[PDB]
Amino acid sequence: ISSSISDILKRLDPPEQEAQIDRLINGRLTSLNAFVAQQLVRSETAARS
Amino acid sequence: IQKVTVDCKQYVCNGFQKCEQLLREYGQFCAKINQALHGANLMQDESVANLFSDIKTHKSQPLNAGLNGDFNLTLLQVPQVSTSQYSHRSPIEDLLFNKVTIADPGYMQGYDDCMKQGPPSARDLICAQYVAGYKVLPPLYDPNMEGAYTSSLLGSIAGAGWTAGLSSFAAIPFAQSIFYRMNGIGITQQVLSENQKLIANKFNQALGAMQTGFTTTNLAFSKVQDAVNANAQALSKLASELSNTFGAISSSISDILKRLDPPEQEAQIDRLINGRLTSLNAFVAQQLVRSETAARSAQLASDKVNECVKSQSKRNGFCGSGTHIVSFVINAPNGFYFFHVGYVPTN
Amino acid sequence: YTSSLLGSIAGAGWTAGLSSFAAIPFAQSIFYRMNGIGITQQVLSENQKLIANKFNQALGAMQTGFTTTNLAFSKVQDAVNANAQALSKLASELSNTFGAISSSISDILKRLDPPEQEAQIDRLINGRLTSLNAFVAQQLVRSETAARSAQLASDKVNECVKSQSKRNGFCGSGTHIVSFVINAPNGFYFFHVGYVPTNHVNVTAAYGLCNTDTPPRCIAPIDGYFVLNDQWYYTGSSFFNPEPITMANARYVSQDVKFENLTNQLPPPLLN
Amino acid sequence: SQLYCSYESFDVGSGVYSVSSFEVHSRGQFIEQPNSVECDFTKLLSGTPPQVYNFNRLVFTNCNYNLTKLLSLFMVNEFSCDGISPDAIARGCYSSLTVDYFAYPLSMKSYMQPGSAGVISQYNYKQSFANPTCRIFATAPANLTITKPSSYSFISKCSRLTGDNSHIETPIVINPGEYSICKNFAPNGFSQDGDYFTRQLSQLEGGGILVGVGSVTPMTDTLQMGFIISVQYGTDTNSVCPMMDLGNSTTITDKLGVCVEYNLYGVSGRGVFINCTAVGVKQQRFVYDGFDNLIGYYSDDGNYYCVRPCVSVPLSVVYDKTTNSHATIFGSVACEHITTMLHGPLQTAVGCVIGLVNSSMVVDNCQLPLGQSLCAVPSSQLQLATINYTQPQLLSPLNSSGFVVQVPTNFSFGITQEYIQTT
Amino acid sequence: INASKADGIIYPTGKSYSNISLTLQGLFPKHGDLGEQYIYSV
């Protein structure tokens, strides 16, 4: 419902607020994985340059 | 790099009939993962084969068992009779391979050993390949064949130092070849004649020092450990992401099938399918990057063999620091380990 | 751009820069290139038509080299398949349901009513946005790879096409003589022509020759080998042809104990 | 044929491909269930149910129960479960079972939904979602031992009066699965509607005046009850199992090393059991890894068994399109496993292979490399051949003063082709 | 409480672990906590 946990906690009650927060946790972890892979290639490219 | 392929049906669904029924919708995506990984491993096989075609020695010369003139090359020479299993492994190569922790994949009896092993061992990540679904593949050449290509480089004969090109093969002994290489950097034959045995003592002490130079503080040996860890961390990501719940009640299909009924259990399995299929895509995407990176680095390895091992380099910084005299190469886990020998003035 | 590289002139070969431009005919450039790898002009002047016949055989043979067995020609298909697979991934991800009741937005609207249809559509939105992010990341990595491979392409043309590299392995195997490059799908295609010896003769050589005088004057070959055929002779490194020792092929060096001490039939450099 | 289906084409290039391992089969059962006691429901079945704010809680740990009898006595009007389903309760084991039962009218079942702002959630009962839980509203049997209460009552107010003297009022709300301090006003139910109760709170309780108001609704023709049921997994060495007919206890002694289904004191699954040196604490019946997987077991036989996961043999297919023949590579598995436990073969460095013929050939170039310097050369069966290492030509050093060289006598021009991608 | 001697540590309720180091959520005492001392006349 919102990108912010604050809005999720203000608008919902369990067990629904956990499912909505779990949407962000899985999304941000997957985004963090993409940041790591992107940074690794950039780190290796600059290491051979 | 370590060649890995996955069984998309097994990795996503783990042999559960109900999950595989849902996976029929995503059947196209499972097939592409098997084909991207397969295509990325043919590149490895072509890369390795083309590398050893460039490293190949057309003609070589005999070398004495150890003391060549006054230079001692026992560390770089394959023994006449070898107690160890590897027929073409040098003593310095044994020390390098004895200093790095590599889990044995068991290319021919690994499946039986994993069943026999009750207590956990260092091959737990290896034995997880028959559980999760991935498969570590054997390399194109066995270690004996790899050692043959590198051993033939020590006695490789090319044209003389003053000769043009590589169209002739001169049978100049190792000692006389070292003195010519030192003569091309500013050491007269009058100096070489007078300090002939001093040079041999200097060269021998340098070769004997690298026997204890395999430490984590060294940059070159630090890289050989990172290559092994990168292979191990690629398998760890495969196994660890099989415990990701992806918002479901459990990461194991058994627990979902034991606590829920349709239509809710099919939705929970769909969470694992989508999460695991996306994880495989990331694993495939980074495997292509690693394979291409190693393929390009496999090109650089042959360039340094033809510029440091088979010929003395007039470059600066290339083929090691200082003024290049000679360079040797040994097989190392996932690549080569060069010993560039230079001329470092001290006074 | 590529077809102009064939008639380009950059220098005399023995010159040391790009400043000058010498209009030496293509025939005379190859022979100077072959003389740089260790073949004397006497062999070239005697085997003039033999070299051309060998060269024309090589140029006609590369017509039949365009097969999947060839490594270089396979890399051409691999690049086209890399481009094709990029478009295939975009098309395939629109057949992905991402857990929705369908992969078609039309089906979701047909099958469902709000607020349930918005959730199913939002499921496709997040999946397709994630797929495009993965597509963009792959395209950037490919673009950098092609960018850094284009730098090597400029390196290859300058060293292999516009000159004769002395580096083994680079500009092809054997001994580099001339490299031709042509336009290829998504890159360039080279033809590294090399000098490949086919037969050999084992001959005794000498590191150098000295005379029994004070101080002992000693000489060494310039770019070939001192060779026996009791007299000594000069031969090219890349071809066997005993020739007299002279200032054209003998270079003075300091005295060494591994050189031959000569007393009879001395070469002209060691006389007087 | 699986390779054709994977590539979705009858035309597939010649190569070595990884195909799916065939499905592994269970080969027996390993059941170890105790003759545990019967879960005591005599409080729920013999007595007057309490009110919603004074609910009774039953925790069952090491017992079996007959869910058919409980479900036959009651008539469920609506159940809402999250995290688990009632059938799963009816067919599986769990470490514990918590049942909070109380009298509750069906007309007010809306006030027990998650997120209600009404008085039931604030002051009487709030369901906890930390465990797989279900909420059940049913009707008690008419003429059994369950006796109807006088009426249904709930707490309508529970506040604290602390201001200048009493003007400031603050409600007191209950955390999930907890009682209200206003329960002690009328622990057996409110006598009349709008009963007003006042207590002076001690200093250790925070001080102030506690005010509680009770609301009473008339009793219905049939007793209506509400149940909040929660279960736990992996938190005990013994399980609460409904009386499902699993079968007799079996011994794994005769089936060591094979993959069988197991039901060990309520923990179910599939895997391979191996005799192992005892590790871990015996008092705790199971040994787990970091990832919460069962890796060890202690049995009534007195041994410690390592529980290896049920696995399948990897498979690979070698295809040659021109000669139209194939071979199967069983990777990392010796031929004794295939030959004697399959539900001729040749042992190679890459595993056990069926289809190839050991002609002891050596080949310089082969386009089907199996790995470890092994490749398949087509012939009408493919033949197992070894990649050849051409021995370098040897030139002995010259014994005389000079050195010996090999100069060319004839030559050719070799065109090496290379492709560099640019865009 | 030292917690390097495993002081006041409650074992997992129904599981066991062998030769592994794990992180667990649970009710554990604080390191260096002096607590409250009680003396009996005995």
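Which chain is which? They are A, B, C, D and E, in the order written, and residues in each are numbered from 1.
Here is the rule we use: contacts are C-beta pairs under 8 Å (C-beta built on N, C-alpha and C of every residue); 3 or more make two chains touch, one makes a residue touch a chain.
Note on connectivity: the fewest steps through touching chains from chain B to chain D is 1.
Averaged C-alpha coordinates put the centre of chain A at 35 Å from the centre of chain B. Centroids built from CA atoms put chain C at 48 Å from chain A. The set of chain E residues that touch two or more partner chains comprises 19. Listed by chain label, the pairs that touch are A-B, A-C, A-D, B-C, B-D, C-D, D-E. Chain C contributes residues 36-38, 71, 74, 78, 92, 95-99, 127, 130, 134, 137-138, 141, 145, 166-170, 173-175, 195, 197, 200, 205, 207, 220-225, 237-239, 253-258 to its touches with chain B in the complex.
Listing the residues of chain E that touch chain D in their complex gives 11-20, 22.
Taken together, the chain D residues at the contact with chain E in this complex read 95, 234-237, 279-281, 284-290, 296.
Only residues 126, 130, 133-134, 137, 141, 144 of chain C touch chain A when the two sit together in their complex. Of all residues in chain B, those touching chain D in their complex are 5, 7, 9-10, 15, 31, 34-35, 37-38, 42, 45, 56-62, 105-112, 114-116, 118-120, 129-131, 135, 137-142, 144-145, 148-149, 152, 156-157, 160, 167-173, 176, 243, 249, 254-255, 258-261, 264.
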